[PDB]
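Just so you know, all these numbers are worked out from the coordinates, no wet-lab data involved. Heads up, the Cβs are rebuilt from the backbone with ideal geometry, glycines too, and the neighbour counts pull from every protein chain shown.
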Amino acid sequence: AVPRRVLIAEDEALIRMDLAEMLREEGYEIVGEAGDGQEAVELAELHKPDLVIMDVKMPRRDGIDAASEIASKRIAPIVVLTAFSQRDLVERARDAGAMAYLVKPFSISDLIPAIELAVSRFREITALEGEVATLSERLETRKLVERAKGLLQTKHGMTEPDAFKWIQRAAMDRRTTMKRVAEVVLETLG
């Protein structure tokens with residue numbers, strides 16, 4: 001169901017400790033703590049966690065590079081911790097697969113929505129991997145779904161996770177595909 005087992009990767013000890021504590025308080029199990037980007041990739045492969053939370057900057061292998069590598073394996077949702085002014089590094093990097101950023105400094109009230117966003121985007125990737133037969137169709141189906149999400153967000157006031165969930169639940173209930181639901185959202189709202 002929802003993620004419980006979490007790998008964290010952060011070289012600053014205080015952020016690491018505070019993040020681990022937040023997560024334990026909200027019922028997560030910490031299954032690893034990496035302090036560099038190479039260990040992060042290795043542990044994600046070893047332990048196959050339910051969730052990865054990693055800094056945008058890491059020793060050895062930077063967090064964005066490591067995050068992109070983990071994303072490409074479709075192991076888990078990823079939250080990338082970043083200063084506000086470095087958010088574009090993560091924008092320029094979901095080119096690689098599904099992640100969300102979380103601006104530091106952060107509290108639990110900030111972390112929980114970032115996890116929800118990362119989980120939603122992961123579920124969208126895995127749903128499209130499973131539902132769409134070919135890669136070329138899949139790329140364009142993703143773009144269509146993203147447009148439909150955006151319209152549901154702006155026109156109906158939904159969050160991004162709630163917009164994707166709408167599309168998924170509609171497709172399931174109508175016994176059709178996300179592609180067809182998204183196409184109709186575009187027709188109606190676009």
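A few points about this structure:
- Of the GluC sites (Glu not before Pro) in region 22-81, those whose Cβ has at most 14 other Cβ within 10 Å and which sit in DSSP loop: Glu26
- Cross-link table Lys48/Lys165; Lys104/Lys143; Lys48/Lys155, entries beyond 26 Å C-alpha to C-alpha: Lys104/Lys143; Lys48/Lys155
- Amide H within-cut-off set for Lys104, under 5 Å, with H built and near neighbours excluded: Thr82, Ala83, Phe84
- Crossing angle, helix 37-47 versus the chain [Cα axis fit, 0-90 degrees, rounded to tens]: 70 degrees
- The shape of region 133-190 can be summarised by an equivalent ellipsoid whose semi-axes, obtained from the alpha carbon gyration tensor, come to 18, 13, 10 Å from longest to shortest.
- Interchain or long-range residues, amide H under 5 Å from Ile30's placed H: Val6
- Averaging the Cα positions of each part gives two centres, and for region 42-106 and region 111-190 these lie 22 Å apart.
- Reduced Cα scattering model of the chain, Debye log10 I(q)/I(0), q = 0.10, 0.15 Å⁻¹: -0.41, -0.88
- Mean ellipticity per residue at 222 nm, deg cm²/dmol - from DSSP H runs of n ≥ 4 across the chain, formula -39500 (n - 2.57): -19000 deg cm²/dmol
- Qualifying trypsin sites (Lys or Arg not before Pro) in region 1-45, DSSP loop, other Cβ atoms within 10 Å at most 16: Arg4
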